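Okay, here's what each chain looks like letter by letter:
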2 protein chains.
Amino acid sequence: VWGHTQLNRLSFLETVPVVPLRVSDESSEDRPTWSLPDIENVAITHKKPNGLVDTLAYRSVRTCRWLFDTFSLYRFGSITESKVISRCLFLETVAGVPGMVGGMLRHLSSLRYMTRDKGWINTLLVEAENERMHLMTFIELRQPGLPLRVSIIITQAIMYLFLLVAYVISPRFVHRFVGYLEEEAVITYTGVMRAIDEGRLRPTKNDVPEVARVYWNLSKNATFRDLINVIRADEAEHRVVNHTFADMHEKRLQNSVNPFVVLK
Amino acid sequence: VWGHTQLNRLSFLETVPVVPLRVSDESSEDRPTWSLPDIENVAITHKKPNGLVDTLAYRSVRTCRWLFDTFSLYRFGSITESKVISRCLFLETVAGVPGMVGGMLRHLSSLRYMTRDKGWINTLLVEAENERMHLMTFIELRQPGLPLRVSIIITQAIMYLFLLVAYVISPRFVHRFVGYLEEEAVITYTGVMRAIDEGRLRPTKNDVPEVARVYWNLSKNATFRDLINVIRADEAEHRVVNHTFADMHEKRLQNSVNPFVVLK
Ligand SMILES: CC(C)=CCC/C(C)=C/Cc1c(O)c(Cl)c(C)c(C=O)c1O
Ligand SMILES: CC(C)=CCC/C(C)=C/Cc1c(O)c(Cl)c(C)c(C=O)c1O
Ligand SMILES: [Fe+3]
Ligand SMILES: [Fe+3]
Ligand SMILES: [Fe+3]
Ligand SMILES: [Fe+3]
Ligand SMILES: [O-]
Ligand SMILES: [O-]
């Protein structure tokens, strides 16, 4: 019931105390829809760099992971749920910057050049949201200390600054950098799943948060393993979309149709 | 058909030449849904400023309209379709900046503070899209000269800069400024409709563009008058949402639920 009578009212500020906090309202209605036993066979891939931009993208991602796994100490001593949930908490904060700077920029360009965008913006904005929902889920499982909260604030100041300037100069580099990020994400989350299937990591967070259960249309019988499965699937999707987008830039197809709009 | 086999492919760049350019792909599937004879009675309103921020917002909007109508010469000599379509072309370029800076910023804040956003971001992003589709429609009707294309590029450089810094400092001012923008938008577009109903402006662009016909689920028998009706309705919706949002900031409800998520 949204009509002229509501459009003509000045404010609905006086309605806020009678509207419920529902978990389905945290995202848009564009929710992934994975079937677990199919997404079980998401695999680990590597796209070959084309030339100098692509080598830059990959070396920067590899340099970043080696720094990150070494400083965060992920490597030595056994995997645990605490360092898994911890790691993801941190990285999912950065994770939703690229897609948002991307869609913001294609949006601004579409507005100033009065051109069509042909389905790109929506894909990058929903991507940004997806990653943000990754964050929302992990923060139901672990609430961070102050050091990690301060690190997250500064890490955003730098990556937003990096990504904004990187995307104005070379959208190709950004999409490719992201493609290569999600390659590592799919590796990490398949590490998580493998350590579970092998009993090396006995997960305890098996009451999947409500936020995630409605976001991924997961049953109440979904476990931690299933949550990591559907997150990893999301990551892989971003892996392809981004490498695809970068490729389109490489071929001067950046003003072409978003192929994923129809593959849908 | 989106599964592990597609998630595991590296790129779909080789599919782009076999995917059609459909007008429905230009937006997301979150389309307004107005009934013409109801939205016919959208009216002209004015929210009273609360205090200094609100007076600033309104005076800046009034100062901007008086400059704009005077320099653009909208005032003297009769209304025409050419100056109507022209005016809107220009203003709809700015029109979709606020909502995008808004959602980008609430998104970034949600990511760095690991907090819930409770349905706000999606509303501002879809708003930004809505205005952008206003732009897409008007550019089917009139293609601008170079002077206006150069003015649009510079006007974005300034408003994006203004709005970004304004929203970091006072989201309340921005939402309120926007509220007051849409007040004028609803006035302009009801001027358009009234000049039509009175024969002062005999519109010729009566083959509503395909982009708009699918975006607003308008029939092939929709005329120019109907297009302006549904644009004006959209504007009024933004008028309320924004004043509502500003009000929530005024009351320190900025971390509360987006009331519109449920009013839906
Ligand atoms: C960009 C930066 C400041 C650090 C990136 C370090 C890196 C490439 C880590 C791999 C990796 C990732 O790049 C991403 Cl995007 C995720 C989600 C995970 C999940 O655990 C992950 O392990
Ligand atoms: C912010 C700026 C550089 C100029 C704004 C001038 C102004 C307040 C014009 C009124 C107005 C508007 O503010 C908006 Cl947002 C629209 C869409 C129309 C439509 O014609 C409109 O007439
Ligand atoms: Fe992620
Ligand atoms: Fe990711
Ligand atoms: Fe508009
Ligand atoms: Fe508007
Ligand atoms: O991620
Ligand atoms: O507008």
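Position numbers follow the written sequence of each chain, starting from 1, instead of the entry's numbering, which may differ; residues with no coordinates are not represented. Ligands are numbered from 1 and chains lettered from A, in the order in which they are written. Values shown for side chains rest on all heavy atoms present in the structure; no hydrogens or waters enter the calculation.

By the method listed in its record, X-ray crystallography, this PDB entry was determined to a resolution of 2.30 Å.

Per the PDB entry, chain A goes by the name Alternative oxidase, mitochondrial and belongs to Trypanosoma brucei brucei. The title given for this PDB entry is "Crystal structure of cyanide-insensitive alternative oxidase from Trypanosoma brucei with colletochlorin B". Among the UniProt annotations of chain A, the heading Sequence similarities holds the following wording: "Belongs to the alternative oxidase family." UniProt positions are given in the numbering used here, feature names are shortened, and annotations may be inferred rather than shown by experiment.

K.L.:
A description of the UniProt feature "binding site: Fe cation 1" in chain A should follow, citing residues and the corresponding values.
P.N.:
All names here are of chain A. Feature annotation in UniProt assigns "binding site: Fe cation 1" to the following positions: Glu92, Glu131, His134 and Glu235. For the annotated residues, spread through 144 residues, the largest C-alpha to C-alpha distance comes to 10.8 Å, consistent with a single compact locus. Any two residues having at least one pair of non-hydrogen atoms within 4.5 Å are treated as being in contact. Setting aside residues up to four positions removed in sequence, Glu131 forms contacts with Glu92, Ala95, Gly96, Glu182, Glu235 and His238. Helix and strand definitions follow DSSP, with helices as H or I runs of at least four residues and strands as E runs of at least two, each counted in order from the N terminus. Considering the arrangement of structural elements, one finds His134 in helix 6 (residues 120–141). For every residue, the accessible area (1.4 Å probe, protein chains only) is compared with the maximum for its type, and the residue is labelled buried under 20%, exposed over 50%, or partly exposed between those bounds. When its relative accessible area of 0% is taken as the criterion, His134 is described as buried. Polar contacts, as counted here, are pairs of nitrogen or oxygen atoms within 3.5 Å of one another; within protein the pair requires one atom able to donate a hydrogen and one able to accept it, and residues that are adjacent in sequence qualify only if both atoms are side-chain atoms. Within the structure, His134 has its side chain in polar contact with the side chain of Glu92 (distance 3.0 Å).

K.L.:
So what's going on with the relation of the copies chain B and chain A? Residues and values would help.
P.N.:
Superposition of the copies is carried out by least squares, using only their C-alpha atoms. At an RMSD of 0.0 Å, chain B and chain A line up after a rotation of 180° and a shift of 0.0 Å along the axis. The symmetry that links the two subunits is that of a two-fold axis. Closest to the rotation axis within chain B is the C-alpha of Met104 of chain B, separated from it by 3.8 Å. Most of the interface of chain B is mirrored in chain A, where 100% of its interface residues again form contacts.

K.L.:
Any chance you could break down the UniProt feature "binding site: Fe cation 2" in chain A for me, citing the residues and the numbers?
P.N.:
Residue and element names in this part refer to chain A. When the UniProt feature table is mapped to this numbering, "binding site: Fe cation 2" covers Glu131, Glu182, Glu235 and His238. Spanning 108 residues, the annotated positions come together in the fold, the maximum distance between their C-alpha atoms being 11.1 Å. Relative to the elements of secondary structure, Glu131 occurs in helix 6. Within the element layout of this structure, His238 appears in helix 10 (residues 224–250). Beyond its immediate sequence surroundings of up to four residues, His238 is in contact with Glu127, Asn130, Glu131 and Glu182.

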